[PDB]
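One chain is shown next in structure tokens, namely the form deposited in one PDB entry.
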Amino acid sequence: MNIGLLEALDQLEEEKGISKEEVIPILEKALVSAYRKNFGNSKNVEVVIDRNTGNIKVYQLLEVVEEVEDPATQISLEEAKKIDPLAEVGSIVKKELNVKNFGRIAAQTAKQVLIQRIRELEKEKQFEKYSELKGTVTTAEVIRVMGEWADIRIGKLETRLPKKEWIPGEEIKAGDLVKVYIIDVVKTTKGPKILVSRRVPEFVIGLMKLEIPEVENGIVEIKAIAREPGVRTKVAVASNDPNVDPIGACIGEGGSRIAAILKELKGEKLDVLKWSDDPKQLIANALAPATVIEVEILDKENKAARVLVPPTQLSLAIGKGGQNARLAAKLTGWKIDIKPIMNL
């Protein structure tokens, strides 16, 4: 609307690289709308900016006709030709207008446009976002829960945490800070969205990586995990460095570390056990708590086994509703059958 300087200078006045190869065509469009809501929709106008100074200049479009009935539009052939020598009836001629004000300045909207094109690059666009730290755990701020999900923020991004991906039975509330595992980050037609969960098995691995330097390190390796969300998780670990006790690094100084882990799990148990290449020792480590007398392989190629336990440890080994033996079986890939002994 106004040619009051502006432009060029405001073009990247510190920060970011914005090619006006697109900033202006959008500004023009907006400026036409700007010119509109700041005078009237009586005149059909075009806003042009042929680079250089740019200088906002508007033209009133007029249809060349045989007889003028609406002077705001329409123009005679004779009058049209003075503007464009080649004009014929049916042609459109463009008459340049001036400027004005009427209180405030409309031209300032180029800002809105300018900024809006900034918010778009704020989304990395074209791809998704470097915020694609898929496979990790991060903290998020809970901004109101909606029943079936919770809106939460991570950095300058917000995303839904479906109640289906919450730890079963836990309770979340606005303000709470929660740890979440990042399954993926997808660039949608509304900005990048981070897919999150607190219930998949990798969430537990991520918490371990966070609280246990040796796990982040590789010094302690996670060889297997079995998780029943909200109930319990068994994880088998191995130490690469024969001088590092894997159990000890996971548990921490005085049970710290695991305490931090268990806190985020809002009540879900975690059995940290030692991995073994001998399936009989692995299976026995996996059934803790409970002491096994011995493991009998019932099938080497199909991995099935019969586990013998002292009576007084029968129901402990199976666990409430079979949870202990169930998790042990899942963790090991072996079919397990628990049987009480009979000492002679």
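Throughout, rigid core stands for the largest set of C-alpha atoms superposing within 1.5 Å between the two forms. Throughout, we count residues from 1 along the sequence that is shown.
Q: Determine, for stretches 324 to 332 and 17 to 25, which one has the higher mean CA B-factor as deposited.
A: It is 17 to 25 that shows the higher mean C-alpha B-factor.
Q: Which is higher on average in the deposited entry, the C-alpha temperature factors of 49 to 57 or of 273 to 281?
A: Per the PDB entry, the higher value belongs to 49 to 57.
Q: When the CA B-factors of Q74, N243, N217, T233 are compared as recorded in the entry, which is the largest?
A: When the deposited C-alpha B-factors of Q74, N243, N217, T233 are compared, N243 is largest.
Q: Given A106, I261, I205, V180, identify the residue with the highest C-alpha B factor in the PDB entry.
A: Highest CA B-factor of the listed options: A106.
Q: Which third, lowest, middle or highest, does the C-alpha temperature factor of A34 belong to within its own chain?
A: Highest third.
Q: Could you look up the Cα B-factor of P310 in the entry and say which third of the chain it sits in: lowest, middle or highest?
A: It falls in the middle third of the chain.
Q: Looking at the C-alpha B-factor of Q126, is it in the lowest, middle or highest third of its chain?
A: Its C-alpha B-factor, which the entry lists for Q126, ranks in the highest third among residues of this chain.
Q: With respect to C-alpha B-factor, does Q112 fall in the lowest, middle or highest third of the chain as deposited?
A: Tercile = highest for this residue's CA B-factor.
Q: Looking at the temperature factor on the CA atom of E211, which third of the chain's modelled residues does it land in?
A: CA B-factor rank for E211: middle third.
Not pictured, yet referred to below: the form deposited in another entry.
Q: Kindly specify the one residue in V200, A238, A259, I83 whose Cα moves by 2 Å or more between the shown form and the other one, with superposition done on the rigid core.
A: Shifted by 2 Å or more: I83 only.
Q: After a rigid core superposition, would you say the CA of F39 moves by 2 angstroms or more between the shown form and the other one, or not?
A: Yes; that C-alpha moves by at least 2 Å between the shown form and the other one.
Q: Does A174 show a Cα shift reaching 2 Å between the shown form and the other one after rigid-core superposition?
A: Shift at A174: below 2 Å after core fit.
Q: Fitting the rigid core first, would the Cα of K163 be found 2 Å or more away between the shown form and the other one?
A: The answer is no; the displacement is under 2 Å.
Q: Quick one: with a 3 Å or larger change, is the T138 to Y130 CA distance smaller or larger in the other entry? Answer closer or farther.
A: It is closer: the C-alpha separation of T138 and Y130 falls by at least 3 Å in the other entry.
Q: Just to spell it out: taking the C-alpha atom of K125 and the C-alpha atom of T189, is that distance smaller or larger in the other entry than in the structure shown here, given it changes by 3 Å or more?
A: Their C-alpha distance grows by at least 3 Å in the other entry.
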